[PDB]
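[1] Quick one: experimental structure and sequence below.
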Amino acid sequence: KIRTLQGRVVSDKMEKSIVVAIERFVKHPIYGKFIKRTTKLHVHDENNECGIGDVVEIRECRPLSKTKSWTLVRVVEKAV
Amino acid sequence: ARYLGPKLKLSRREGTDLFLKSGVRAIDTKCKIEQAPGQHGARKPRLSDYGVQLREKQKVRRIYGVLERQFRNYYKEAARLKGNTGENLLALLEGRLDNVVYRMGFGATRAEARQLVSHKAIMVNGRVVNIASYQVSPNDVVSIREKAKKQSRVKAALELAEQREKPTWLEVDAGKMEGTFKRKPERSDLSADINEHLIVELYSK
Amino acid sequence: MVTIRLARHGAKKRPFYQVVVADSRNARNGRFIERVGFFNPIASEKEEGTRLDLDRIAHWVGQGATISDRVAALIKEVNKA
Amino acid sequence: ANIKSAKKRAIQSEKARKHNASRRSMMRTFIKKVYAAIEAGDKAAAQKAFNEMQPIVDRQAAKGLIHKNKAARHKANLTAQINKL
RNA sequence: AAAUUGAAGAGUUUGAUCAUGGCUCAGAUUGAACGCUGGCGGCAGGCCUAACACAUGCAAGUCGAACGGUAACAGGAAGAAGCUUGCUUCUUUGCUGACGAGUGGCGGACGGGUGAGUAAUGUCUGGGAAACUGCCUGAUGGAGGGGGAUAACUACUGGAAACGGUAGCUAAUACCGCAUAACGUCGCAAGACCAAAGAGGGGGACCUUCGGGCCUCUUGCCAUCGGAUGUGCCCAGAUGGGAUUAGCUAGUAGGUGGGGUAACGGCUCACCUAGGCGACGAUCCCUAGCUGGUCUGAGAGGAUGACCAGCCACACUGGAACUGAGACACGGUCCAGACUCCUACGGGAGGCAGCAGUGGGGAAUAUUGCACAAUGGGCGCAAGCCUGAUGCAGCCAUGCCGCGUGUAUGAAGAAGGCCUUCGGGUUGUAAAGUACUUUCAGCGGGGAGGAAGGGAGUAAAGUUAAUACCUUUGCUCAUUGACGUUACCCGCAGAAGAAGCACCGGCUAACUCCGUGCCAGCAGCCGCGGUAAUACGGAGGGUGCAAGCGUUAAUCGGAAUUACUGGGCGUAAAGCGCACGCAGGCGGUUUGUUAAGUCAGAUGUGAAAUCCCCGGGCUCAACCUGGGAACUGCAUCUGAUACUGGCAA
Ligand SMILES: [Mg+2]
Ligand SMILES: [Mg+2]
Ligand SMILES: [Mg+2]
Ligand SMILES: [Mg+2]
Ligand SMILES: [Mg+2]
Ligand SMILES: [Mg+2]
Ligand SMILES: [Mg+2]
Ligand SMILES: [Mg+2]
Ligand SMILES: [Mg+2]
Ligand SMILES: [Mg+2]
Ligand SMILES: [Mg+2]
Ligand SMILES: [Mg+2]
Ligand SMILES: [Mg+2]
Ligand SMILES: [Mg+2]
Ligand SMILES: [Mg+2]
Ligand SMILES: [Mg+2]
Ligand SMILES: [Mg+2]
Ligand SMILES: [Mg+2]
Ligand SMILES: [Mg+2]
Ligand SMILES: [Mg+2]
Ligand SMILES: [Mg+2]
Ligand SMILES: [Mg+2]
Ligand SMILES: [Mg+2]
Ligand SMILES: [Mg+2]
Ligand SMILES: [Mg+2]
Ligand SMILES: [Mg+2]
Ligand SMILES: [Mg+2]
Ligand SMILES: [Mg+2]
Ligand SMILES: [Mg+2]
Ligand SMILES: [Mg+2]
Ligand SMILES: [Mg+2]
Ligand SMILES: [Mg+2]
Ligand SMILES: [Mg+2]
Ligand SMILES: [Mg+2]
Ligand SMILES: [Mg+2]
Ligand SMILES: [Mg+2]
Ligand SMILES: [Mg+2]
Ligand SMILES: [Mg+2]
Ligand SMILES: [Mg+2]
Ligand SMILES: [Mg+2]
Ligand SMILES: [Mg+2]
Ligand SMILES: [Mg+2]
Ligand SMILES: [Mg+2]
Ligand SMILES: [Mg+2]
Ligand SMILES: [Mg+2]
Ligand SMILES: [Mg+2]
Ligand SMILES: [Mg+2]
Ligand SMILES: [Mg+2]
């Protein structure tokens, strides 16, 4: 019962870290239409157990660096 | 403020009697009610919807002595209160202290009642009131003070009130110079010559 | 020091105090934490001039909130009933 | 300075500045001794300097010139660097 | 139970009509300004421009219950007193009450003001961990024994001053060791280490070196674990315009290892990877403090953020750091620069975007007023001191609300004015006259409330050996208000001291006459005026408001005229010249499952103030206030599975 977010992975070139393209379904305040405003983050990737195009679940932890504030807990649907 | 000019002029402009005089004599015996004031009188004015709404509002304003700034607030209060806006405005206007005094018969004219209230000859529930726009509540008692209970004008007012029609929602004891506001007056208990629907449409323009 | 005091409001010459718990650093009529009861010194009869929350005031006095002289006088008066 | 309290605190913050600077330099001298003995390769001189430095740092932290969180960091880092020899 | 109840259009394109479409107006508001006029009172408001420059007076001081000391003052034990035999001298004397100056503790980072800068290091909403925290409070313990010197002070001396320098003495809760070391720090552990300060009141003798020892009470000090409050940091979303800003970034993204901050972190350093942000708008330019809220609008919406409250930035300009629990500090300290000031020419001082106030700018915004008497804040055990915070007073019709400037009668329809067909009508019950009332303003007198506390005592309880000192509980006594000549109430006489502004062709309610002649002129649009102008100027009359009335500037509405609710593209403006196609938008039908969007409930929060509903109190109202609803939102949990979407068949 810990607040977590699930999203794709876009880049793995950085050492021991990845990025997550969190996607959501937000309703427009004015026109009342549902859109997809994505959100990018920097997630710690100890042991580099991830890959590009993979679905991951993350967790909010202490800031590891200037842009790092999230860490992963597992990996699911390791599509190639 | 208050209007200090002629009153039969306003009555002629409105085209009907507004009860601004004592009523000892008739209106025709004192003025030409059928002829509008000014050089261009003796011809019936031909007015539009805005004109007739303005005349309907001005008739009530001149009858009750209220001004535009104090009448718009009454209209706002009537609209704010639930129910018929037009009936609530009339009820609030009838709830004025000077109007209540005039209806009871302690004053021959509403202007005289206002003057008495200003000069502090009237108390409500034993407490004097110095405001001519005091809102009377049900089960209230309005009595004349001892200092001014021996007024020839204050007794001729009752002598004319007994000739005039009596209010159902009020009670009065002429011997004690006292009256009771029983209930809030209804639409049926008032005159039928006032079309209150012409004021709401005018103020919502 | 977190304290319980009286913040003044109302029109001129007719004040109305509210017993509130706030830090001594903050202003009188500015920032506070909780509002506990009011006080009308010019209130007439058959009209409550004090509606303090004794349970809530004790909850702060047990944590360290001090009490002003006027607040203590009002507490004594309300306890005298 | 238009206030007597400000005029007095002006020299109160100077005498205290001199005392705090002297104590800080005295502590940093032992800190530098430990850091210079660490990389020399010895494991006895560095340990002796650590025992010479620790009470001074603890006393300064108690007096309030520095913080116990900083004193603990200094001691832990020096001990970790010494234990690798 | 209630918490809402909410929608108007008109004029003008044209010989005439319809349609589309542009312009203007009736409406509601302002921190508003100008013209005319001007009775009062109550609650509110008052440099939006030059974050331009400031003369002058105040705005942060307090503690003798921290310690040396008495420069002033009064109360003196004693004695030198002129002697009057008690005293109107006066050395000396800190012993006493108190205290200039100084050391020291605390406060100065709160309170107050401004919005230049910041379009994100800021603000709001909702989540957190990796942190600190004086004064406040709970608990566990300790509180031992020493020292060297500095002020103030004395002598000398530099300098015009500001400001210092040298030689010497002394005090503490100032400073430093030092003694111990725990549930504190370090480390796997063993083990190492870090703290204090005392002060005041009263008493029985065991003691006294006659100062005090000794006992009790209060207060104060140090370590740790806590609590509350406050502060620092991080993430997600939201928070202006411009693409005629399409490429930016090398400490830049990350990693390893040191250093550093109270704390995580390129915060910083050495090395290694070439990454990171960006069409969902990176970067750059312009403007702009943000929010709760305010105006308009029925409503979604549009504009805006003055006064009340919360957050952020700043204190002449650009940077810096110390003390300090907490500033990189409005009235604290260095240095550089401009602007003033003193000068003996070597040299020094100052920062009103604090409260009043000055000059200048502008259309424009106030009194160098009283008081700490209340609520707060700082200091102090307390009394008590300070407080331009605050409570109040002064000016301004700037806005809101209330009252009045008299009521009744009063036709000979007075006189006069205006119009006229010359009969008359209008001003007109209007005035005068007649009886009455006196609110407000003025005079006199009375008179609440904002005042709870504090002090002096007394009795009891606690307290201890103790009826001592101290705390609490009651009771008694003389008191503590700037406002204030208070609110408020009662008599005096007398209608006396109190009404103006705009408009009258249509929009829009209200017409006649006289002077003029496309001249003078009005104007928001249509437009009027070229000898009978209801449109110019004046008079009479009338209409709308009212101590306000008009004009001007800004916002919204009408404008469905940026249309999500709520519009169009054949001919008024609007379909790319036509195709392919990435991202993207949408998507046939059945089952099963997940339950993200969506739907229901619950919890936390969504500050207070403001809107609204039900009431209450200032003689009503404005105004204040009690409770509730609401704050359409966000986060989490419990579920439902009809639809979209994720997965499989
Ligand atoms: Mg008025
Ligand atoms: Mg200086
Ligand atoms: Mg035409
Ligand atoms: Mg049109
Ligand atoms: Mg000055
Ligand atoms: Mg002194
Ligand atoms: Mg502001
Ligand atoms: Mg000490
Ligand atoms: Mg020790
Ligand atoms: Mg000691
Ligand atoms: Mg580098
Ligand atoms: Mg490290
Ligand atoms: Mg590091
Ligand atoms: Mg700005
Ligand atoms: Mg609309
Ligand atoms: Mg805005
Ligand atoms: Mg300036
Ligand atoms: Mg500066
Ligand atoms: Mg420091
Ligand atoms: Mg700052
Ligand atoms: Mg300061
Ligand atoms: Mg500064
Ligand atoms: Mg200043
Ligand atoms: Mg000023
Ligand atoms: Mg001026
Ligand atoms: Mg000027
Ligand atoms: Mg005070
Ligand atoms: Mg002073
Ligand atoms: Mg005549
Ligand atoms: Mg009077
Ligand atoms: Mg009193
Ligand atoms: Mg008309
Ligand atoms: Mg005109
Ligand atoms: Mg003519
Ligand atoms: Mg004219
Ligand atoms: Mg005229
Ligand atoms: Mg619109
Ligand atoms: Mg259209
Ligand atoms: Mg064409
Ligand atoms: Mg076309
Ligand atoms: Mg085509
Ligand atoms: Mg489908
Ligand atoms: Mg769901
Ligand atoms: Mg829900
Ligand atoms: Mg009431
Ligand atoms: Mg709220
Ligand atoms: Mg499906
Ligand atoms: Mg799809």
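    Yep, that arrived. Numbers count the residues shown, from 1 in each chain, chains lettered A, B, ... in the order given. Ligands and ions are numbered 1, 2, ... in the order given.

[2] Count the neighbours of residue B:115 for me.
    By other Cβ atoms under 10 Å in any protein chain shown, the residues close to residue B:115 number 16. In short, each C-beta sits where N, CA and C put it, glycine included.

[3] swap that for residue B:128, sorry
    Neighbours of residue B:128 under the rule other Cβ under 10 Å: 11.

[4] One more: residue B:11?
    23.

[5] helices and strands around the helix or strand it falls within, which ones?
    Using DSSP states H and E, residue B:11 maps to helix B:8-14. Helices and strands touching helix B:8-14, by 3 or more Cβ pairs under 8 Å, 6 or more residues apart in numbering or on different chains; DSSP states H and E, are helix B:49-64.

[6] Buried residues in the helix holding residue B:11, which are they?
    For helix B:8-14, the neighbour count (16 or more other Cβ atoms under 10 Å in any protein chain shown) marks B:8, B:10, B:11, B:12, B:13, B:14 as buried.

[7] The residues you listed: which ones sit near RNA strand E?
    Filtering the buried residues of helix B:8-14 for proximity to RNA strand E by Cβ under 7 Å from any atom of the strand leaves B:8, B:10, B:12, B:13.

[8] Residue 58: what's it in contact with?
    I'll assume chain A. Going by Cβ atoms under 8 Å, 6 or more residues apart in numbering or on different chains, residue A:58 touches A:4, A:5, A:6, A:7, A:20, A:41, A:43, A:70, A:71, A:72, A:73.

[9] Correct me if wrong, but the last one is in a helix.
    In this case it means residue A:73. No: using DSSP: H, G, I helix; E, B strand; the rest coil, the secondary structure at residue A:73 is strand, not a helix.

[10] could you measure the closest residue to residue C:49 other than its chain neighbours against residue C:72, distance?
    Using Cβ to Cβ, 6 or more residues apart in numbering or on different chains and skipping residues adjacent in sequence, the residue nearest residue C:49 is residue C:43, 4.1 Å away. Counting by Cβ to Cβ, to the nearest Å, the gap from residue C:43 to residue C:72 is 20 Å.

[11] Same check on residue B:65?
    Computed as Cβ to Cβ, the residue B:65 to residue C:72 distance reads 55 Å.

[12] For those two, indicate the residue with more neighbours.
    Between residue B:65 and residue C:72, counted using other Cβ under 10 Å, residue B:65 has the larger neighbour count: 20 against 12.

[13] My read is that the more buried one contacts residue B:113, right?
    No: using Cβ atoms under 8 Å, residue B:65 makes no contact with residue B:113, being 9.4 Å away.

[14] Name the residues contacting each of these two.
    Shared contacts of residue B:65 and residue B:113 (Cβ under 8 Å, 6+ apart): B:98, B:132.

[15] what's the residue nearest to the spatial centre of chain B in contact with, if anything?
    Of all residues in chain B, the one closest to the mean position by Cα atoms, centre = their mean is residue B:64, 3.6 Å from it. Taking Cβ under 8 Å, 6+ apart, we find residue B:64 in contact with B:93, B:96, B:99, B:110.

[16] Now distance to RNA strand E, neighbour count and secondary structure too, for those residues, in a markdown table please.
    Converted to a markdown table, the contacts of residue B:64 look like this (distance: Cβ to the nearest atom of the strand, whole Å; neighbours: other Cβ atoms under 10 Å in any protein chain shown; DSSP: H, G, I helix; E, B strand; the rest coil):
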| residue | distance to RNA strand E | neighbour count | secondary structure |
| --- | --- | --- | --- |
| B:93 | 12 | 20 | helix |
| B:96 | 8 | 24 | strand |
| B:99 | 12 | 23 | helix |
| B:110 | 8 | 21 | helix |
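
[17] Just the helices from chain C, written as ranges.
    Ranges of helices in chain C, per DSSP state H, are C:54-61, C:69-79.

[18] Name the residues that touch the last one?
    Applying Cβ under 8 Å, 6+ apart, the contact partners of helix C:69-79 are C:4, C:5, C:6, C:17, C:19, C:37, C:39, C:50, C:52, C:54, C:57, C:67.

[19] can you check the shortest one too?
    Residues from elsewhere that reach helix C:54-61 (Cβ under 8 Å, 6+ apart): C:2, C:4, C:19, C:21, C:34, C:36, C:65, C:67, C:75, C:78, C:79.

[20] Drop anything exposed from those residues.
    C:4, C:19, C:21, C:36, C:65, C:67, C:75.

[21] And these, which two are furthest apart?
    Across the buried ones among the contacts of helix C:54-61, the longest distance by Cβ to Cβ is 13.4 Å; it joins C:21 and C:75.

[22] State the distance from residue B:31 to residue D:23.
    Counting by Cβ to Cβ - residue B:31 and residue D:23 are separated by 106 Å.

[23] Keep the contacts of helix C:69-79, but drop any that are not near RNA strand E.
    When the contacts of helix C:69-79 are filtered against RNA strand E using Cβ under 7 Å from any atom of the strand, the residues retained are C:5, C:6, C:17.

[24] I'd like to know how many residues surround the closest residue to the first one other than its chain neighbours.
    Computed as Cβ to Cβ, 6+ apart, the closest residue to residue C:5 that is not its neighbour in sequence is residue C:68, at 5.1 Å. Neighbourhood size, residue C:68 [other Cβ under 10 Å]: 13.

[25] give the contact list for residue C:68.
    So residue C:68 contacts C:3, C:4, C:5, C:6 (Cβ under 8 Å, 6+ apart).
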